[PDB]
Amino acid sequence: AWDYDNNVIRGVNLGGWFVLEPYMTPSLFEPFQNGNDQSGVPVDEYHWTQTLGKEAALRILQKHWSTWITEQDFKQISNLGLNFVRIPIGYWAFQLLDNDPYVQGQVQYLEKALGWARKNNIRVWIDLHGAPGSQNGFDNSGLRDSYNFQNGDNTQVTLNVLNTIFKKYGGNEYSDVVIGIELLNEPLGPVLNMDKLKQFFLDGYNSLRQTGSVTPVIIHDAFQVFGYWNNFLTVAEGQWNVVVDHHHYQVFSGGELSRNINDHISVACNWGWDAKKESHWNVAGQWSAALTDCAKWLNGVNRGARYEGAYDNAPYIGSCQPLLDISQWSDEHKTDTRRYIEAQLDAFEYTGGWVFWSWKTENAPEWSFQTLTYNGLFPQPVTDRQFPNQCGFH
């Protein structure tokens, strides 16, 4: 349903939909603030559902699921010249651990989305974004500050969930829509046992193929250096239809944030050069326009921004308040943003293409494809260049 050799993915993530992220939908979390005190705000979906209880969580999430993304969004995505969406979903949509606070019902909307994709000629990855125990301790895994994916029976439970996804979505029923199943989003390589992670990836690969599925298997790079995965899941070993997903940002450390715009561009261009050298098909599955970490709660609930020297012992670079509203951005910041977007687009189209994080946010413009497009900062058509050939690819 896709030609990974000849076609380029031009896509958006449907983030914040089936896995809550505080920075993307702060309205769901802000009612728990006590004036300026954020100490009682649940930090992740696990604690949000636990605090509300099952009845309230289901009422509020049903409303969210039914309105956040609809068929109209898919029409607009097609109209903007995009050809692809990535759909994050948590393990809890399929299976609950014994005392899990999570509520279910996401699957109904996932299946509506697959139909909306079909109708609008949009292809899809399904992405397992959160595993039991957490694979990364990020709030976007569902469970912040825990790293227990490789503990106990959590890896086994994850493989059981994947087998459900494989039987439902990796077969003939959706072979015209689903062009990849991503085994696990952003496993935090540095804190994991990498040998066990590779075994997990291999078990998932083999399990899918054993169902008779020919669906591409997408592996996230686990924050390893470019080329790390070249010798894994290879044609030499009869392993085929494998894609590596690289994520790229320049905002989650003081060193990255302090780069001037030219150096930000040089780094983006180098992402392209280095991805080209790899031996698997590869796609930039998450990236954005952000040049700051100013979005409220981007680093987590009750954590500040490195950009204004309010987190992670970073030096003050500038004040975030002026940057929260795209109408208040300086001409220079708008120009820097457009340059940065174009350099990333060129870099990522140099291999398998790109998937912007994310389609929409409530009020975080750096992270919203819609907002950037409407304000003329994301090229429309997406091939438009105000700053052509910044990287010099050949």
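Throughout, we count residues from 1 along the sequence that is shown.
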property: Comparing 342-350 with 58-66, the one whose average Cα B-factor in the PDB entry is higher; result: 58-66
property: Greater mean Cα temperature factor according to the PDB record, 292-300 or 107-115; result: 107-115
property: Given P216, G90, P315, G133, the residue at which the Cα B factor reaches its maximum; result: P315
property: Out of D139, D98, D263, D245, highest CA B-factor residue; result: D98
property: Chain-relative CA temperature factor third for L80; result: highest
property: Chain third (lowest, middle, highest) by recorded CA B-factor, residue given as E362; result: middle
property: Modelled-residue ranking by C-alpha temperature factor, third containing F356; result: lowest
property: Position of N206 among the chain's modelled residues by C-alpha B-factor, lowest, middle or highest third; result: middle
property: Assigned third (lowest, middle, highest) for the C-alpha B factor of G180; result: lowest
